[PDB]
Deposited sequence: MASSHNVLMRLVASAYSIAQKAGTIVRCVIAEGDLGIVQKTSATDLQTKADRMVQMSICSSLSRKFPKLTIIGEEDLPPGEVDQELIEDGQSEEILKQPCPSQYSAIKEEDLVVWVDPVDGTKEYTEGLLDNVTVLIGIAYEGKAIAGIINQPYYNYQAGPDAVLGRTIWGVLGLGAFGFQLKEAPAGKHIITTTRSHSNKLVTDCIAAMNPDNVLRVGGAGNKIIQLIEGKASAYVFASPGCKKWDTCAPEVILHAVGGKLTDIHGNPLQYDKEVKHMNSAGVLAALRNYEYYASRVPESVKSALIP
């Protein structure tokens, strides 16, 4: 039945459609901003439309999946449906460990727009679209679309890119690069900081600290060598924030956990909140893990 690879190949095309929606909303000018729990907790027309497109498109082709999306939404336009699939991905053999997966056992975690606050600020390259695929509680495949990749290159440039990966195959669509030798460059939240977040970072002996939006964007920073660790000692992000990004990072030898070192779980019944934060690195994960203060750990219950 070739379920996993069929799913990944469709999710790739579905994520590309999502990128067209993200760009279309900016181009038409009205972001339809709704405030949820605070002025830094926003929902736009892009979040709502992309979620409708992704969920309807996946459910049309793979009705047995469990699909969980960030937005709590109440008839979808056929114009939002994506029926395509990547023929190239479909040509790749499924890793043998996943070859007998049944569709009803997959759980898909969707963040239709990740970095929404930064989207509304015009920090457009912070934005990603995240489609994460989990089996037996583990994140095993992921798609990350970055709709404004290349947007500063001029009117003749192609906009956007799609990064995808499967554990046992690899991760693709970017150039893997380690961060500069001899430096600790720690990346973290721009808009959702607090004292605990900054105290945990201080304990790492950073040479530089980057404050940017997006969980997907920060994993891209890790795999492209713009940062050496992603440290977020706080509640606030959810399973859809970490599912697809941890796959991409794990596929190239990195590691993402909570602040204690616990792996995150992705079964259908798990709580959405990542209540003990996020710690991630491409290389030297054990260094950063070793520097988390005990006081930070006692404050953050998984």
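When the deposited sequence is numbered from 1, the segments without any C-alpha atom are 1 to 4, 79 to 80.
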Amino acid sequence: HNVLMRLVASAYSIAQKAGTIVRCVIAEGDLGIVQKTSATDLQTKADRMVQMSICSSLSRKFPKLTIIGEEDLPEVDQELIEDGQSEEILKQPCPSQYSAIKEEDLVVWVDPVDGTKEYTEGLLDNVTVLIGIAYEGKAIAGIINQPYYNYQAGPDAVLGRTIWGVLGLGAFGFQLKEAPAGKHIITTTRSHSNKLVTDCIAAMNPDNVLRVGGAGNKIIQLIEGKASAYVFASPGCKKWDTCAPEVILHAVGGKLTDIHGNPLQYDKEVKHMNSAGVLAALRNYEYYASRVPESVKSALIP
From here on, numbers count along this sequence of modelled residues.
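For the pair 144 to 152 and 80 to 88, the mean Cα B-factor is higher in 80 to 88.
In this entry, the higher average B-factor at the C-alpha atoms falls on 20 to 28, of the pair 281 to 289 and 20 to 28.
Sorting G261, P245, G69, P63 by the CA temperature factor given in the entry leaves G261 at the top.
Out of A100, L106, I223, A139, the entry records its largest CA B-factor for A100. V8: CA B factor lies in the lowest third for its chain, per the PDB record. Ranked by Cα temperature factor within the chain, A202 sits in the highest third according to the deposited record. Annotation for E118: CA B-factor lies in the middle third of the chain's modelled residues.
Ranked against the other modelled residues of its chain, the C-alpha B-factor of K195 as given in the entry falls in the highest third.
Looking at the C-alpha B-factors along this chain, the one for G132 belongs to the lowest third.
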